[PDB]
Each structure stands twice: as structure tokens, then as C-alpha cells.
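Accompanying notes for the structure given below.
Number of protein chains: 2
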Amino acid sequence: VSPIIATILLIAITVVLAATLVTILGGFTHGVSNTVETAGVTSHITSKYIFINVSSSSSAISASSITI
Amino acid sequence: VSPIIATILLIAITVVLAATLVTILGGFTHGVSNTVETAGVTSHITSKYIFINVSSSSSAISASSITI
Ligand SMILES: *[C@@H]1O[C@H](CO)[C@H](O)[C@H](O[C@@H]2O[C@H](CO)[C@@H](O[C@@H]3O[C@H](CS(=O)(=O)O)[C@H](O)[C@H](O[C@H]4O[C@H](CO[C@H]5O[C@H](CO)[C@@H](O)[C@H](O)[C@@H]5O)[C@@H](O)[C@H](O[C@H]5O[C@H](CO)[C@@H](O)[C@H](O)[C@@H]5O)[C@@H]4O)[C@H]3O[C@@H]3O[C@H]([C@H](O)CO)[C@H](O)[C@H](O)[C@H]3O)[C@H](O)[C@H]2O)[C@H]1O
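Order-wise, the sequence lines are chains A and B. In the UniProt record's numbering, each number is its position in the first sequence, counted from 1, plus 11. In the UniProt record's numbering, each number is its position in the second sequence, counted from 1, plus 11.
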């Protein structure tokens, strides 16, 4: 009797460890993305205005997505 | 006479112990199953909506079986 019952208990424990491991991995598998951008920019500053002129960029992006 | 009668009584007792043991074992031999699942999930949160996008999963499961 007892060696089979001990085996059933060890299977039950194994499933909870595997379920625990899955929640540990979730802390690694997020928030990685390609955020690199590169632009040819020139600028001139005066007592009233900053002028900004763009010559090229790595990608086309919305002017609302850029913070100054 | 008496050694045979004593033997018949011990057989009767033995059956009730075996029947008792069978009901003890029934508390072990249930409720063990493979419950592990694992998914590639990404999400974005706003003042009005949560977006959830799934990239892969360990198995195909009903959206009614998942609790949020
Ligand atoms: C999962 O997989 C999916 C599918 O591939 C997606 O890839 C998802 O990624 C998310 O997608 C959503 C939806 O595309 C993204 O939400 C958008 O976020 C942008 C910000 S961003 O910097 O431009 O990238 C915008 O906020 C966009 O909103 C648009 O709609 C706004 C509201 O317009 C709605 O209502 C008007 C009426 O008032 C309607 O006429 C119109 O048709 C529409 O229904 C606009 O205001 C907005 O304009 C400006 O928005 C931002 C400032 O907020 C600015 O930066 C922009 O340049 C632009 O000038 C823009 O046109 C979001 O889209 C969703 O739109 C719904 C709407 O119901 C239509 O479906 C909501 O109302 C919200 O507006 C918004 O959720 C999200 O960023 C991605 O992560 C993957 O995760």
C-alpha cells in the first residue's frame, strides 16, 4: 500500500512547484522592446524663439510622442 | 471445538478492518490533476481600457475558463 500513496503525494507537490516557477518567470518575460531612434537635427536659439530643423531620422514618429 | 470457532471469529474481524482501510485510502486517491498553464501575454493600461494581447500559450483554453 504505502509506496503508491507516497507517490501520489509527491505528484501533488510537484504541480505546486511548477505553478510557482511559472510566476517567477513572468518577472523576466516583459518590458523588452526596440526603443532606439536617431535623427539629424540642427538648432538656433534667440531671445524669443528656438528654431529646430530636422534633416533625417531613423523612423517616422509623431511630434506628440516627443518630450522637450 | 474451540480453536476452530476462535478462527472463524478472527476471519469476521479481519474483513471489517480491510473494509475500514479501504475508506481511509479514498481520502488520498482524488483531486490530483495537471493544472499547469503558461502564456506569452502583453498588456497596456489607460484611463478607460485595458488591452491584452496573447502571443502564445501552452494549451488552447476557453476565455470563459479564465478569471480576471
Ligand atoms: C494589442 O494589439 C493591438 C492590435 O495590434 C494594438 O497594437 C495594441 O496597442 C495599442 O493599441 C491602441 C489602439 O491603437 C493604442 O491606443 C492608441 O494610443 C494612441 C497614443 S499614440 O501616442 O498615438 O500611440 C492614441 O491615444 C490613440 O487614440 C486615437 O484616438 C483618440 C480618440 O479618438 C477616438 O474618438 C474620436 C471621437 O472623440 C473618434 O472620432 C475616433 O475615430 C476614435 O474613435 C484620438 O484622440 C487620438 O488622437 C491623438 O492621440 C494621441 C494623444 O492621446 C496623440 O499622441 C496622437 O498623435 C493623436 O494625435 C488618436 O487618434 C489610441 O487608440 C485608441 O482609440 C480608442 C478608440 O475607441 C478607437 O478604437 C480609444 O478611445 C483610445 O483613444 C485609444 O485606446 C495603444 O497606445 C497601443 O498600445 C496592443 O497592445
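The C-beta atom is built at its ideal place from N, Cα and C for all residues, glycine as well.
Identify the contact partners of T40 (chain A) in chain B, using a Cβ-Cβ distance below 8 angstroms as the criterion. Translated into the one-based positions of the first sequence, residue 40 (chain A) becomes position 29. The contacting residues are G51.
Closer than 8 angstroms by C-beta to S68 (chain B): which residues in its own chain qualify, once you throw out the five before and the five after it? Chain order, please. Looking up residue 68 (chain B) in the second sequence gives position 57. Correct list, in chain order: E48, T49, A50, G51.
Quick check: is the beta carbon of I19 (chain A) nearer than 8 angstroms to any beta carbon in chain B? Working through the first sequence from its first residue, we reach residue 19 (chain A) at position 8. For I19 (chain A), the answer is yes, since a Cβ of chain B falls inside 8 angstroms of its Cβ.
Three-state class that DSSP yields for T53 (chain A) in the structure shown: As a first step, residue 53 (chain A) must be located in the first sequence, where it is residue number 42. Strand at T53 (chain A).
Proximal chain A residues relative to residue 143 (chain B), where beta-carbon distance stays under 8 angstroms: Because chain B spans 12 through 79 in this model, residue 143 (chain B) falls outside it and cannot be assessed.
What are the boundary residues of the beta strand (DSSP E) that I63 (chain B) is part of? The count along the second sequence starts at 1 and reaches residue 63 (chain B) at position 52. It spans 61-68 - the beta strand (DSSP E) in which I63 (chain B) sits, taken as one unbroken run.
By the criterion of Cβ-Cβ separation under 7 angstroms, what are the contact partners of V43 (chain B) in chain A? Taking the second sequence and counting its residues from 1, the one referred to as residue 43 (chain B) is at position 32. What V43 (chain B) touches in chain A: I19, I22, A23.
With a threshold of 8 angstroms between beta carbons, is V65 (chain A) in contact with chain B? The residue given as residue 65 (chain A) occupies position 54 in the first sequence. For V65 (chain A), the nearest beta carbon of chain B is not closer than 8 angstroms to its own beta carbon.
Ligand 1 heavy atoms versus the CB of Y60 (chain A): any closer than 7 angstroms? Position 49 of the first sequence, counting from 1, holds the residue named residue 60 (chain A). Because no heavy atom of ligand 1 lies under 7 angstroms away, the Cβ of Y60 (chain A) does not count as near it: no.
Write down the C-beta distance between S66 (chain A) and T53 (chain A) rounded to the nearest angstrom, noting that I regard them as a contact closer than 8 angstroms. If you number the first sequence from 1, residue 66 (chain A) lands on position 55. If you number the first sequence from 1, residue 53 (chain A) lands on position 42. Contact holds; Cβ gap of about 7 angstroms.
Kindly examine ligand 1 and report whether one of its heavy atoms sits closer than 7 angstroms to the Cβ of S68 (chain B). The residue you call residue 68 (chain B) lines up with position 57 of the second sequence. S68 (chain B): no, Cβ never under 7 angstroms from ligand 1.
Taking a contact to mean a Cβ-Cβ separation below 8 angstroms, would you say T78 (chain B) touches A30 (chain A) in this structure? Residue 78 (chain B) sits at position 67 when you count from the first residue of the second sequence. Residue 30 (chain A) sits at position 19 when you count from the first residue of the first sequence. No; because the gap between Cβ atoms is not below 8 angstroms, this pair is not in contact.
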